[PDB]
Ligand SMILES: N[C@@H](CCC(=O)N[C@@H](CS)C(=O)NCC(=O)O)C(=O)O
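Just one chain is shown here, as structure tokens, and it is the form deposited without the named molecule.
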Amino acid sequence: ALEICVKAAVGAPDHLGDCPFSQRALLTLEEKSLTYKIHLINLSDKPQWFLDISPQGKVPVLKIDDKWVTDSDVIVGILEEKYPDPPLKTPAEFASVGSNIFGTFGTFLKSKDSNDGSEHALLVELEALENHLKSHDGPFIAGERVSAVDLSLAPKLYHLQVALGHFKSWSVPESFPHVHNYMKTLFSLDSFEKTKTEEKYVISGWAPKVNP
């Protein structure tokens, strides 16, 4: 069968954890309506069988054919080639929409210096997603149907909402109504609902990382 290893929740290794790249792969398995086993991996106490098949011990990892494959980009493109219907290819022109939101969200989340410009850098990336969404037909980045870019982005936007909300009482401003609407569209996908990390465990996941 297809099998996939993903991060288990910090403080709760019997529940699904908060890895956005793992969630991207789960989302793709679901949107293809494929059958798979999940192995929840405790990253602080990593079983031996798992290391024999993932050298660096990183997740996500997908077993396809009799090969264990890392790298969420690779994983989702192998799935697209092997199971072409329903297709999830995003037109190349839009495949990078939103690509810097996750990075600028992380930097802003971590900041304790109100003047380092990190907020503004995030706002500029949201702004750019807003400009795409308002000028192109939706509900998804490439129109009527969900595609690869939406599945890469959904877990990252969830993290942003949940983490900035919890840690900073901060929300995407009201002045990005397309971004809010797009986030609602993504979080009410059946695939998203089925694969989402409980909010608890996005918080437990981020808590040790907000301050070095």
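Numbers follow the displayed sequence, beginning with 1.
Below, we refer to the form deposited with the named molecule bound, which is not included among the displayed structures.
K.L.:
If I take 3+ ligand atoms inside 2.4 Å of backbone or C-beta atoms as the clash criterion, is the pocket here open or blocked once the named molecule is superimposed from its pose in the deposited bound form?
P.N.:
Judged by the transferred pose of the named molecule in the deposited bound form, this form is open (no ligand atom within 2.4 Å of backbone or C-beta).
K.L.:
Does the named molecule come within 4.5 Å of a heavy atom in each of 21, 46 and 58 in the deposited bound form?
P.N.:
Contact check passed for all of 21, 46 and 58.
K.L.:
Just one of 118 to 126, 138 to 146, 68 to 76, 90 to 98 has heavy atoms within 4.5 Å of the named molecule in the deposited bound form; which?
P.N.:
In the other structure, the partner sits against 68 to 76.
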